$ cat entry_5.tsv   # TSV, C-alpha atoms
chain	number	residue	atom	x	y	z
A	1	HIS	CA	-67.70	-69.53	10.61
A	2	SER	CA	-65.50	-67.10	12.54
A	3	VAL	CA	-65.06	-66.96	16.32
A	4	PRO	CA	-64.77	-63.29	17.45
A	5	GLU	CA	-62.88	-62.11	20.52
A	6	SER	CA	-64.38	-58.66	21.02
A	7	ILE	CA	-67.64	-56.71	21.09
A	8	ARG	CA	-68.61	-53.58	19.17
A	9	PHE	CA	-72.24	-52.46	19.41
A	10	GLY	CA	-72.69	-48.82	18.45
A	11	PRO	CA	-70.83	-46.28	20.64
A	12	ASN	CA	-69.92	-48.93	23.21
A	13	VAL	CA	-67.21	-51.60	23.14
A	14	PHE	CA	-67.18	-54.67	25.39
A	15	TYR	CA	-64.25	-57.01	26.04
A	16	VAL	CA	-64.92	-60.75	26.19
A	17	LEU	CA	-61.90	-61.22	28.48
A	18	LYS	CA	-62.07	-57.95	30.43
A	19	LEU	CA	-65.74	-57.77	31.44
A	20	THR	CA	-65.74	-53.98	31.12
A	21	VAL	CA	-67.43	-51.82	28.49
A	22	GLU	CA	-66.13	-48.33	27.73
A	23	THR	CA	-68.83	-45.68	27.32
A	24	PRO	CA	-68.69	-42.12	25.89
A	25	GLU	CA	-68.60	-40.74	29.44
A	26	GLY	CA	-66.09	-43.25	30.76
A	27	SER	CA	-66.43	-46.95	31.54
A	28	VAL	CA	-68.97	-49.46	32.85
A	29	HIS	CA	-68.31	-52.56	34.96
A	30	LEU	CA	-70.58	-55.55	35.59
A	31	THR	CA	-70.82	-59.04	37.09
A	32	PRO	CA	-68.74	-61.66	35.19
A	33	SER	CA	-71.38	-64.31	35.84
A	34	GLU	CA	-74.12	-62.36	34.12
A	35	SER	CA	-71.79	-60.88	31.57
A	36	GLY	CA	-70.46	-64.40	31.14
A	37	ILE	CA	-73.69	-65.41	29.46
A	38	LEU	CA	-73.34	-62.68	26.85
A	39	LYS	CA	-69.68	-63.66	26.57
A	40	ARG	CA	-70.55	-67.20	25.51
A	41	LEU	CA	-73.13	-65.96	23.02
A	42	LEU	CA	-70.61	-63.48	21.64
A	43	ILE	CA	-68.41	-66.42	20.70
A	44	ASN	CA	-71.10	-67.32	18.17
A	45	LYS	CA	-72.51	-63.87	17.47
A	46	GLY	CA	-75.82	-64.38	15.70
A	47	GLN	CA	-76.59	-68.10	15.64
A	48	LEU	CA	-79.26	-70.69	16.44
A	49	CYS	CA	-78.74	-71.95	19.99
A	50	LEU	CA	-80.90	-73.73	22.57
A	51	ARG	CA	-81.93	-72.86	26.12
A	52	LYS	CA	-81.27	-75.96	28.21
A	53	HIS	CA	-78.13	-76.55	26.19
A	54	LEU	CA	-77.17	-73.00	27.06
A	55	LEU	CA	-76.91	-74.20	30.65
A	56	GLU	CA	-73.91	-76.19	29.49
A	57	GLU	CA	-72.24	-73.01	28.25
A	58	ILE	CA	-72.99	-71.05	31.39
A	59	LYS	CA	-72.20	-74.05	33.58
A	60	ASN	CA	-68.82	-74.50	31.93
A	61	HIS	CA	-68.19	-70.89	32.92
A	62	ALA	CA	-69.75	-70.59	36.38
A	63	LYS	CA	-73.48	-71.34	36.36
A	64	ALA	CA	-74.22	-67.99	38.01
A	65	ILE	CA	-72.64	-67.91	41.47
A	66	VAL	CA	-75.40	-65.64	42.75
A	67	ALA	CA	-78.71	-66.77	41.24
A	68	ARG	CA	-81.13	-69.67	40.80
A	69	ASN	CA	-80.86	-70.12	37.04
A	70	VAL	CA	-79.31	-68.70	33.87
A	71	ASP	CA	-82.50	-67.26	32.43
A	72	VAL	CA	-82.84	-65.09	35.52
A	73	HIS	CA	-79.20	-64.07	35.24
A	74	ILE	CA	-79.68	-62.88	31.67
A	75	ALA	CA	-82.42	-60.53	32.86
A	76	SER	CA	-80.16	-58.84	35.37
A	77	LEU	CA	-77.50	-58.77	32.69
A	78	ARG	CA	-79.80	-56.55	30.66
A	79	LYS	CA	-79.20	-53.97	33.39
A	80	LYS	CA	-75.41	-54.03	33.28
A	81	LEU	CA	-74.92	-55.25	29.72
A	82	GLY	CA	-77.33	-52.87	28.01
A	83	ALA	CA	-78.81	-53.09	24.52
A	84	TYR	CA	-76.86	-56.32	24.06
A	85	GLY	CA	-78.96	-58.02	26.71
A	86	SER	CA	-81.96	-57.86	24.42
A	87	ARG	CA	-79.81	-59.45	21.70
A	88	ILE	CA	-80.69	-62.87	23.12
A	89	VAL	CA	-83.90	-63.74	21.27
A	90	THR	CA	-86.09	-66.51	22.70
A	91	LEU	CA	-88.15	-67.73	19.75
A	92	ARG	CA	-91.11	-69.86	20.81
A	93	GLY	CA	-90.25	-72.65	18.38
A	94	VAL	CA	-86.67	-72.07	17.26
A	95	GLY	CA	-84.95	-71.69	20.62
A	96	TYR	CA	-82.31	-69.05	21.27
A	97	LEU	CA	-81.42	-66.70	18.41
A	98	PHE	CA	-79.17	-63.99	19.84
A	99	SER	CA	-79.27	-62.00	16.60
A	100	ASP	CA	-76.70	-59.21	16.80
A	101	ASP	CA	-75.31	-58.11	13.46
A	102	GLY	CA	-73.08	-60.71	11.82
A	103	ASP	CA	-70.02	-58.62	11.01
A	104	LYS	CA	-67.52	-60.83	12.84
A	105	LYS	CA	-63.95	-59.78	13.61
A	106	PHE	CA	-61.45	-62.41	12.48
A	107	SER	CA	-57.96	-61.25	13.44
A	108	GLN	CA	-56.46	-61.86	10.01
A	109	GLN	CA	-53.23	-59.85	10.06
A	110	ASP	CA	-50.95	-59.65	13.10
A	111	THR	CA	-50.04	-55.97	12.87
A	112	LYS	CA	-50.37	-52.80	10.80
A	113	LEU	CA	-47.54	-50.28	10.48
A	114	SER	CA	-46.66	-49.03	7.00
A	115	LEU	CA	-47.00	-46.02	4.70
A	116	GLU	CA	-50.29	-45.38	2.91
$ encode --input "entry_5.tsv" --output "structure tokens"
Amino acid sequence: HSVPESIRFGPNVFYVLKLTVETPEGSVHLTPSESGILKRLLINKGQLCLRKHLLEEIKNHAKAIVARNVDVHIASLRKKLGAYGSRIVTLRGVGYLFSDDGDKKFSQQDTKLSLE
């Protein structure tokens, strides 16, 4: 297991602590409450999670301060987030399988500055 602290999906990078994804043209902002849901799922990045239990992850980080539920906040997130919004898979039997890729990003070294 490896807890990542960044997002890299194709030609678009998203920060888990910035809430802003840089696009080819420029940048793209979004709501931290909706992007917060994808931020909690990014901590796992491809894992078997539950729905109701997910409320505990979105509740621990503002249970949407502008909605009625989290499931409805993830839908609007699909607008700001992008292709990552669809990442959250709701299997009718398994639960929540936000299958992304798997290639985590464990910050092994602390720096990199030497001849090659």
$ atom_distance --input "entry_5.tsv" --atom1 "CA of residue 51 (chain A)" --atom2 "CA of residue 5 (chain A)"
22.6 Å
$ atom_distance --input "entry_5.tsv" --atom1 "CA of residue 102 (chain A)" --atom2 "CA of residue 74 (chain A)"
21.0 Å
$ atom_distance --input "entry_5.tsv" --atom1 "CA of residue 78 (chain A)" --atom2 "CA of residue 107 (chain A)"
28.2 Å
$ residues_around --input "entry_5.tsv" --residues "region 28-31 of chain A" --least-positions-apart "5" --cutoff "9 Å" --atoms "all atoms listed in the file" --output "list in words"
residues 19, 20, 21, 22, 23, 36, 77, 80 and 81 of chain A
$ closest_residue --input "entry_5.tsv" --among "A:9, A:15, A:106, A:98" --to "residue 86 (chain A)" --atoms "all atoms listed in the file"
A:98
$ residues_around --input "entry_5.tsv" --residues "residue 24 (chain A)" --least-positions-apart "2" --cutoff "9 Å" --atoms "all atoms listed in the file" --output "mmCIF file with C-alpha atoms, in the coordinates of the input"
data_model
loop_
_atom_site.group_PDB
_atom_site.id
_atom_site.type_symbol
_atom_site.label_atom_id
_atom_site.label_comp_id
_atom_site.auth_asym_id
_atom_site.auth_seq_id
_atom_site.Cartn_x
_atom_site.Cartn_y
_atom_site.Cartn_z
ATOM 1 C CA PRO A 11 -70.830 -46.280 20.640
ATOM 2 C CA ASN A 12 -69.920 -48.930 23.210
ATOM 3 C CA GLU A 22 -66.130 -48.330 27.730
ATOM 4 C CA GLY A 26 -66.090 -43.250 30.760
ATOM 5 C CA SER A 27 -66.430 -46.950 31.540
#
$ residues_around --input "entry_5.tsv" --residues "region 64-73 of chain A" --least-positions-apart "5" --cutoff "9 Å" --atoms "all atoms listed in the file" --output "MDAnalysis selection string"
chainID A and resid 32:37 51 54:55 58:59 78
$ residues_around --input "entry_5.tsv" --residues "residue 16 (chain A)" --least-positions-apart "4" --cutoff "8 Å" --atoms "only C-alpha atoms" --output "PyMOL selection string"
chain A and resi 5-7+39+42
$ write_last_selection --input "entry_5.tsv" --atoms "C-alpha atoms" --output "short mmCIF file (atom, residue, chain, number, x, y, z; two decimals), keeping the file's coordinate frame"
data_model
loop_
_atom_site.label_atom_id
_atom_site.label_comp_id
_atom_site.auth_asym_id
_atom_site.auth_seq_id
_atom_site.Cartn_x
_atom_site.Cartn_y
_atom_site.Cartn_z
CA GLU A 5 -62.88 -62.11 20.52
CA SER A 6 -64.38 -58.66 21.02
CA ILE A 7 -67.64 -56.71 21.09
CA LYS A 39 -69.68 -63.66 26.57
CA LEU A 42 -70.61 -63.48 21.64
#
$ residues_near_point --input "entry_5.tsv" --point "(-73.6, -65.4, 22.5)" --cutoff "10 Å" --atoms "all atoms listed in the file" --output "list in words"
residues 36, 37, 38, 39, 40, 41, 42, 43, 44, 45, 46, 47, 48, 49, 54, 57, 84, 87, 88, 96, 97, 98, 99 and 100 of chain A
$ closest_residue --input "entry_5.tsv" --among "A:61, A:112, A:50, A:103" --to "residue 89 (chain A)" --atoms "all atoms listed in the file"
A:50
$ axis_aligned_box --input "entry_5.tsv" --around "region 96-100 of chain A" --padding-each-side "4 Å" --output "JSON"
{"center_x": -79.5, "center_y": -64.1, "center_z": 18.9, "size_x": 13.6, "size_y": 17.8, "size_z": 12.7}
$ closest_residue --input "entry_5.tsv" --among "A:104, A:56, A:25, A:109" --to "residue 8 (chain A)" --atoms "only C-alpha atoms"
A:104
$ closest_residue --input "entry_5.tsv" --among "A:90, A:115, A:13, A:101" --to "residue 52 (chain A)" --atoms "all atoms listed in the file"
A:90
$ decode --input "entry_5.tsv" --residues "chain A" --atoms "C-alpha atoms" --output "PDB file, in the first residue's frame"
ATOM      1  CA  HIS A   1       0.000   0.000   0.000  1.00  0.00           C
ATOM      2  CA  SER A   2       1.185   3.508  -0.872  1.00  0.00           C
ATOM      3  CA  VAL A   3      -0.625   6.767  -0.110  1.00  0.00           C
ATOM      4  CA  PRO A   4      -0.147   9.221  -3.030  1.00  0.00           C
ATOM      5  CA  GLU A   5      -0.170  13.008  -2.706  1.00  0.00           C
ATOM      6  CA  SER A   6      -0.758  14.045  -6.307  1.00  0.00           C
ATOM      7  CA  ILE A   7      -2.836  13.333  -9.413  1.00  0.00           C
ATOM      8  CA  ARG A   8      -1.684  12.572 -12.954  1.00  0.00           C
ATOM      9  CA  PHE A   9      -4.360  11.498 -15.437  1.00  0.00           C
ATOM     10  CA  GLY A  10      -3.242  11.940 -19.031  1.00  0.00           C
ATOM     11  CA  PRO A  11      -2.436  15.537 -20.100  1.00  0.00           C
ATOM     12  CA  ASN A  12      -3.890  16.968 -16.884  1.00  0.00           C
ATOM     13  CA  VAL A  13      -2.416  17.148 -13.381  1.00  0.00           C
ATOM     14  CA  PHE A  14      -4.463  17.748 -10.232  1.00  0.00           C
ATOM     15  CA  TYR A  15      -3.160  18.730  -6.799  1.00  0.00           C
ATOM     16  CA  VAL A  16      -4.701  17.082  -3.737  1.00  0.00           C
ATOM     17  CA  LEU A  17      -3.816  20.122  -1.615  1.00  0.00           C
ATOM     18  CA  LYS A  18      -4.261  22.865  -4.230  1.00  0.00           C
ATOM     19  CA  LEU A  19      -7.646  22.015  -5.760  1.00  0.00           C
ATOM     20  CA  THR A  20      -6.506  23.234  -9.176  1.00  0.00           C
ATOM     21  CA  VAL A  21      -5.747  21.197 -12.296  1.00  0.00           C
ATOM     22  CA  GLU A  22      -3.425  22.568 -14.977  1.00  0.00           C
ATOM     23  CA  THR A  23      -4.616  22.005 -18.544  1.00  0.00           C
ATOM     24  CA  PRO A  24      -2.788  22.324 -21.906  1.00  0.00           C
ATOM     25  CA  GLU A  25      -4.430  25.713 -22.443  1.00  0.00           C
ATOM     26  CA  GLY A  26      -3.884  26.962 -18.906  1.00  0.00           C
ATOM     27  CA  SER A  27      -5.525  25.978 -15.626  1.00  0.00           C
ATOM     28  CA  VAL A  28      -8.881  24.848 -14.236  1.00  0.00           C
ATOM     29  CA  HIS A  29     -10.375  25.622 -10.821  1.00  0.00           C
ATOM     30  CA  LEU A  30     -13.247  23.898  -9.016  1.00  0.00           C
ATOM     31  CA  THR A  31     -15.176  23.614  -5.751  1.00  0.00           C
ATOM     32  CA  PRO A  32     -13.121  22.070  -2.893  1.00  0.00           C
ATOM     33  CA  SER A  33     -16.206  20.312  -1.542  1.00  0.00           C
ATOM     34  CA  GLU A  34     -16.835  18.422  -4.755  1.00  0.00           C
ATOM     35  CA  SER A  35     -13.175  18.071  -5.548  1.00  0.00           C
ATOM     36  CA  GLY A  36     -12.781  16.990  -1.943  1.00  0.00           C
ATOM     37  CA  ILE A  37     -14.557  13.743  -2.729  1.00  0.00           C
ATOM     38  CA  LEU A  38     -12.092  12.902  -5.477  1.00  0.00           C
ATOM     39  CA  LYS A  39      -9.340  14.017  -3.105  1.00  0.00           C
ATOM     40  CA  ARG A  40     -10.286  11.388  -0.539  1.00  0.00           C
ATOM     41  CA  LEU A  41     -10.519   8.689  -3.189  1.00  0.00           C
ATOM     42  CA  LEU A  42      -7.153   9.741  -4.572  1.00  0.00           C
ATOM     43  CA  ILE A  43      -5.637   8.881  -1.204  1.00  0.00           C
ATOM     44  CA  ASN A  44      -6.480   5.264  -2.014  1.00  0.00           C
ATOM     45  CA  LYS A  45      -6.296   5.388  -5.801  1.00  0.00           C
ATOM     46  CA  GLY A  46      -7.963   2.232  -7.074  1.00  0.00           C
ATOM     47  CA  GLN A  47      -9.451   0.375  -4.115  1.00  0.00           C
ATOM     48  CA  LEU A  48     -12.633  -1.247  -2.804  1.00  0.00           C
ATOM     49  CA  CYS A  49     -14.611   1.318  -0.812  1.00  0.00           C
ATOM     50  CA  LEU A  50     -18.228   1.660   0.320  1.00  0.00           C
ATOM     51  CA  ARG A  51     -20.868   4.339  -0.233  1.00  0.00           C
ATOM     52  CA  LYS A  52     -22.346   5.093   3.179  1.00  0.00           C
ATOM     53  CA  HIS A  53     -18.889   4.736   4.669  1.00  0.00           C
ATOM     54  CA  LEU A  54     -17.761   7.254   2.079  1.00  0.00           C
ATOM     55  CA  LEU A  55     -19.947   9.754   3.916  1.00  0.00           C
ATOM     56  CA  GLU A  56     -17.444   9.469   6.746  1.00  0.00           C
ATOM     57  CA  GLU A  57     -14.631  10.508   4.403  1.00  0.00           C
ATOM     58  CA  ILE A  58     -16.550  13.413   2.929  1.00  0.00           C
ATOM     59  CA  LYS A  59     -17.963  14.344   6.319  1.00  0.00           C
ATOM     60  CA  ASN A  60     -14.494  14.444   7.858  1.00  0.00           C
ATOM     61  CA  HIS A  61     -13.677  16.931   5.103  1.00  0.00           C
ATOM     62  CA  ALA A  62     -16.822  19.064   4.814  1.00  0.00           C
ATOM     63  CA  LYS A  63     -19.887  17.011   3.891  1.00  0.00           C
ATOM     64  CA  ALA A  64     -20.585  19.269   0.912  1.00  0.00           C
ATOM     65  CA  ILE A  65     -21.345  22.786   2.149  1.00  0.00           C
ATOM     66  CA  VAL A  66     -23.661  23.387  -0.799  1.00  0.00           C
ATOM     67  CA  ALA A  67     -25.635  20.206  -1.483  1.00  0.00           C
ATOM     68  CA  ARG A  68     -27.980  17.592  -0.014  1.00  0.00           C
ATOM     69  CA  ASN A  69     -25.700  14.556  -0.199  1.00  0.00           C
ATOM     70  CA  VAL A  70     -22.301  13.329  -1.378  1.00  0.00           C
ATOM     71  CA  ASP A  71     -23.575  11.242  -4.280  1.00  0.00           C
ATOM     72  CA  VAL A  72     -25.090  14.378  -5.776  1.00  0.00           C
ATOM     73  CA  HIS A  73     -21.850  16.260  -5.186  1.00  0.00           C
ATOM     74  CA  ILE A  74     -19.855  13.672  -7.110  1.00  0.00           C
ATOM     75  CA  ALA A  75     -22.085  14.246 -10.128  1.00  0.00           C
ATOM     76  CA  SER A  76     -21.366  17.956 -10.210  1.00  0.00           C
ATOM     77  CA  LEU A  77     -17.728  17.101  -9.637  1.00  0.00           C
ATOM     78  CA  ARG A  78     -17.775  15.281 -12.955  1.00  0.00           C
ATOM     79  CA  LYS A  79     -18.245  18.728 -14.485  1.00  0.00           C
ATOM     80  CA  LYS A  80     -15.266  20.396 -12.844  1.00  0.00           C
ATOM     81  CA  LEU A  81     -13.127  17.331 -12.211  1.00  0.00           C
ATOM     82  CA  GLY A  82     -13.396  15.770 -15.656  1.00  0.00           C
ATOM     83  CA  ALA A  83     -12.575  12.223 -16.732  1.00  0.00           C
ATOM     84  CA  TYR A  84     -11.601  11.514 -13.124  1.00  0.00           C
ATOM     85  CA  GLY A  85     -15.201  11.970 -12.021  1.00  0.00           C
ATOM     86  CA  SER A  86     -16.154   8.803 -13.858  1.00  0.00           C
ATOM     87  CA  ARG A  87     -13.305   7.045 -12.037  1.00  0.00           C
ATOM     88  CA  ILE A  88     -15.667   6.423  -9.121  1.00  0.00           C
ATOM     89  CA  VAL A  89     -17.301   3.115 -10.051  1.00  0.00           C
ATOM     90  CA  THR A  90     -20.512   2.144  -8.258  1.00  0.00           C
ATOM     91  CA  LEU A  91     -20.701  -1.639  -8.595  1.00  0.00           C
ATOM     92  CA  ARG A  92     -24.147  -3.018  -7.766  1.00  0.00           C
ATOM     93  CA  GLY A  93     -22.769  -5.620  -5.381  1.00  0.00           C
ATOM     94  CA  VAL A  94     -19.201  -4.605  -4.582  1.00  0.00           C
ATOM     95  CA  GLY A  95     -19.718  -0.993  -3.563  1.00  0.00           C
ATOM     96  CA  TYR A  96     -17.392   1.793  -4.670  1.00  0.00           C
ATOM     97  CA  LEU A  97     -14.453   0.861  -6.895  1.00  0.00           C
ATOM     98  CA  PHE A  98     -12.865   4.101  -8.083  1.00  0.00           C
ATOM     99  CA  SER A  99     -10.564   2.254 -10.483  1.00  0.00           C
ATOM    100  CA  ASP A 100      -7.992   4.707 -11.836  1.00  0.00           C
ATOM    101  CA  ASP A 101      -4.691   3.137 -12.830  1.00  0.00           C
ATOM    102  CA  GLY A 102      -2.667   1.871  -9.883  1.00  0.00           C
ATOM    103  CA  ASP A 103       0.699   3.478 -10.586  1.00  0.00           C
ATOM    104  CA  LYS A 104       1.019   5.236  -7.228  1.00  0.00           C
ATOM    105  CA  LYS A 105       3.595   7.934  -6.502  1.00  0.00           C
ATOM    106  CA  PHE A 106       5.527   7.186  -3.316  1.00  0.00           C
ATOM    107  CA  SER A 107       7.965  10.038  -2.692  1.00  0.00           C
ATOM    108  CA  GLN A 108      10.975   7.779  -2.138  1.00  0.00           C
ATOM    109  CA  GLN A 109      13.950  10.117  -2.542  1.00  0.00           C
ATOM    110  CA  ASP A 110      13.996  13.671  -1.190  1.00  0.00           C
ATOM    111  CA  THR A 111      15.754  15.354  -4.113  1.00  0.00           C
ATOM    112  CA  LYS A 112      17.499  14.792  -7.442  1.00  0.00           C
ATOM    113  CA  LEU A 113      20.503  16.846  -8.535  1.00  0.00           C
ATOM    114  CA  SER A 114      23.517  14.985  -9.914  1.00  0.00           C
ATOM    115  CA  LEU A 115      25.345  14.174 -13.143  1.00  0.00           C
ATOM    116  CA  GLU A 116      23.995  11.457 -15.438  1.00  0.00           C
TER     117      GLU A 116
END
